[PDB]
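J.: Sequence isn't available, so here's the structure alone:
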Ligand SMILES: *[C@@H]1O[C@H](CO)[C@@H](O)[C@H](O)[C@H]1NC(C)=O
Ligand SMILES: *[C@@H]1O[C@H](CO)[C@@H](O)[C@H](O)[C@H]1NC(C)=O
């Protein structure tokens, strides 16, 4: 079992108090999204715009802003239902561009979810309100997912005021209004939706939920990745009518090997598809259970490894007192459940309504796969145990350093501790993943509660925006400033962003000179023939 | 899920180095036993006697000594046995008094375990040798158990030089030589025996072993409390010839509740029967798995609940790929398996051989109970999670304080640290457990002269207000209270909340064991009220 690595460098508040924050009267940060050279930040009643080329002086000021508050009658209705007015606000929870000019923005609107269209360049409300049912949650403490694929919006949230109908929904475009089965613990059980990606012929979802492979034990939570077809048209007139015909979910296996594997089963966040040395990869942050000893880790799963688990066996529970087992291959119907029509094995079907009742009623009671998704190298890329907090947010620089052939990973924490890790992704690389720097990003004087929410890499401007429930802080990716001319300090920090120069000092690799001009040893860090400055 | 408490006070080295250490080429400590005011320390080749009435001046000086080095041919045969010369020594692994005059002593003898009888008064070889097979281990690095109950000795160890046949065994009596079924993975699978206790009509064993219920999952480790009957003599000629007809084992449940129970199932050490709040309980140290996040806890189980667990239903695996579930109460054969003959539900059967064969062949294929022994007061009595090390040894003072109504637990560690914890036992007591002091015990100057500082065992010298922390090469006498650390500062006194210390009108607070009336010592062990007390 690994041990907590020692941070090669630390950055306390006093070393980070010299950094600008955003407040804008609570911010109530909900999400953020970067397009080209502009970062939108969605909180309570407002959506701010920040020019990433505008380098701040006193404080990052919003270039523009979007105002949309709940009409007073909405607030009075939210009060009549019996919820406190602090929740009776229009917390912007959905902000997804449909094309290169308009954006779909959904807010909770005092527990009456609504949706509108705005223009990106001018933040102009051009149009009117689409209802927000099954697209924006009623509560701001919930998570939610919203994605656009070929014109159709795939959402994931709750659809009722009582917060009981957790659902994956799809609408808009030129298809049909599909959804999961209401109150069907076999399909999804008290989940917390996190992320979603569009790959191949499918759209994958990433969430966590109460596990049914542990129903004889406790209410343990597993990490699931679900999958649906883009061209899903629905079930036949008697089976799966107005429901999904390819909803397949599998388990993600973030574990430490040995004689008794240790599993990080709770998922806190994940990235999009990142090209990590030739192959597409998704990198997730997994902590342990609630009532457990807080430990966290960072696993990475490939997209071929995730497509294979769905090409595998299904999982069933024959008797109520038997262990969940794999369904034999000669007992699964035809065509191959989960395959999309007009593709591969189901190419003899042009619509999902022509699907037989043999296959559609099978996937209705066997939606869980048998295999679990293994990570690469079969061991996490980083872990953190001996501390009192859990890691949350995540972002990755796939190309770091002068030759941009190194991967860096930035993770959040429940206590505003953003960790920067040089990660090992290939056999021929390091010996272990090196925690380069540990930063205290929370700004008690500037902010206000110190749980990192999300991280946004600004690679071109060499920055990382760290989110909290009341502030966003711009932290430089590097800190070669503090090592200065102490050539040791810089080489012994092993930072790929920092490079030493003949001019007698060590600075960022994004300065202007050739890659060969910078000198460093991020691999080993050979301190030979040097002095303690 | 709670969190680690903060030490009210910490005793560092440069304070603890003002304490005497015992040293007796190393020592290779193995065990220690307290008889009245005498302590027997058993290590390699030798057995030391120290008088708990002799206040040390510079070093713990042993009074009497017993020597027992191995045979000349047992050094060089053990040389032929591949074993290193350091391993080829007579490590005393068993030292148990049979009566109040002589003692059974078993040693490894360079992987040729043998037993003898000595006299406590003289430590003289006043007997003749006995073979230590199934009684004393071949290897010193392993654990073992030995106990005398009703004339006979009940051992539990390994029996072969290759360390494969683990066995619970009985001898030194009028019957034959009973033992567990060798290689029966459903009876015993790779265990580490830790303790045994005679209670009622049974001898209960306490150990840990690879779980049979995690056959599908990983090689987990479950903590087992087993039990055998004392009047057992074996089965009939047909089934279980020269074997136990009452071997019943249950699982120990050290659990933090909630929507996802957190379990400590690796047993490290345990105590004997201690009367807590009126009922006999047993207190034990559990830790998480090896390949897990290091955490540890202190749980307490009442004997009544253990018996209620053993009077319950058995556990079976109906299908290879199914969950272990209970056996119906109509399918349990008569007489009640596990019950001792001449008692309760076997009052008619006068001997375990009069038993049938369906009952035996049932108890032969169902040695594992279904229920798990619940811990007292749901959540564990103590927890330690954020540290890099695991707890080990355990000792308990059940009558701390000037009124002797407080339970103070001392727990070892893998890094020479000892934790003193006033435990919350009954509801109408504390709010939660209070770890008063954290004592660094390992003495780098004396305890070594290689750096391994694993606490092995502890012994409570309540009659002399001490605690002999044991290591692999030293024993450190450690008082139960440094009431001198506070003295003048009433704030520091009531702030440590130690029941061993109390405040006096003389302006200095002291050990409550000084000879004055109980109503004279002022303290507040229920809250820690530093109100209206100046910061001295
Ligand atoms: C998790 O992955 C490891 C290696 O990738 C594998 O050995 C282990 O069996 C997996 N566990 C499960 C439950 O699939
Ligand atoms: C441990 O004991 C608690 C009650 O103290 C009980 O709820 C739990 O189920 C027990 N654990 C097992 C594995 O039976």
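T.: Looks like it arrived, so ask away. Numbers count the residues shown, from 1 in each chain, chains lettered A, B, ... in the order given. Ligands and ions are numbered 1, 2, ... in the order given.

J.: Contact partners for the residue in the stretch 301-450 of chain A that ligand 2 sits nearest to?
T.: Going by C-beta to the nearest ligand atom, ligand 2 is nearest to residue A:321 of the stretch 301-450 of chain A, at 15.7 Å. Every C-beta, even on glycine, is put in place using the N, C-alpha and C of the backbone. By C-beta atoms under 8 Å, 6 or more residues apart in numbering or on different chains, the contact set of residue A:321 is A:216, B:318, B:322, B:323, B:325.

J.: Just the residues you listed: which are in strands?
T.: Per DSSP state E, strands hold the following members of those: residue B:325.

J.: dump the residue contacts of residue A:46.
T.: A:24, A:65, A:66, A:67, A:68, A:92 are the contacts of residue A:46 under C-beta under 8 Å, 6+ apart.

J.: Mind doing that once more with 6 Å?
T.: residue A:65 (C-beta atoms under 6 Å, 6 or more residues apart in numbering or on different chains).

J.: ditto for residue A:28
T.: Residue A:28 neighbours (C-beta under 6 Å, 6+ apart): A:43, A:44.

J.: please redo it, this time with the cut-off set to 10 Å
T.: By C-beta atoms under 10 Å, 6 or more residues apart in numbering or on different chains, the contact list for residue A:28 reads A:42, A:43, A:44, A:45, A:46, A:86, A:89, A:91, A:92, A:140, A:469, A:470.

J.: cool, and residue A:445?
T.: For residue A:445, the contact set (C-beta under 10 Å, 6+ apart) comprises A:13, A:17, A:21.

J.: Nearest spatial neighbour of the second one, chain-adjacent residues omitted?
T.: By the measure of C-beta to C-beta, 6 or more residues apart in numbering or on different chains, the closest residue to residue A:17 outside its immediate chain neighbours is residue A:443, 6.9 Å from it.

J.: And for the first one?
T.: Using C-beta to C-beta, 6+ apart and skipping residues adjacent in sequence, the residue nearest residue A:13 is residue A:440, 5.0 Å away.

J.: Check the contact between that neighbour and residue A:452; I expect there is one.
T.: No: Residue A:440 is beyond contact range of residue A:452, at 11.1 Å (criterion: C-beta atoms under 10 Å).

J.: one step back: restrict the contacts of residue A:28 to the buried ones and give me that as a ChimeraX selection.
T.: Buried members of these, defined by 16 or more other C-beta atoms under 10 Å in any protein chain shown, are picked up in ChimeraX with:
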select /A:42,43,44,45,46,89,91,92,140,469,470
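
J.: Tabulate the contacts of residue A:28 (CSV), appending distance to ligand 2.
T.: Formatted as CSV, the contacts of residue A:28 follow (distance: C-beta to the nearest ligand atom, whole Å):
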residue, distance to ligand 2
A:42, 43
A:43, 43
A:44, 42
A:45, 46
A:46, 48
A:86, 37
A:89, 41
A:91, 39
A:92, 43
A:140, 35
A:469, 36
A:470, 40
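
J.: Between the contacts of residue A:28, which sits nearest chain B?
T.: Checking the contacts of residue A:28 against chain B by C-beta to the nearest C-beta gives residue A:469 as the nearest, at 22.6 Å.

J.: The closest one contacts residue A:29, correct?
T.: Yes: counting by C-beta under 10 Å, residue A:29 is a contact partner of residue A:469 at 5.9 Å.
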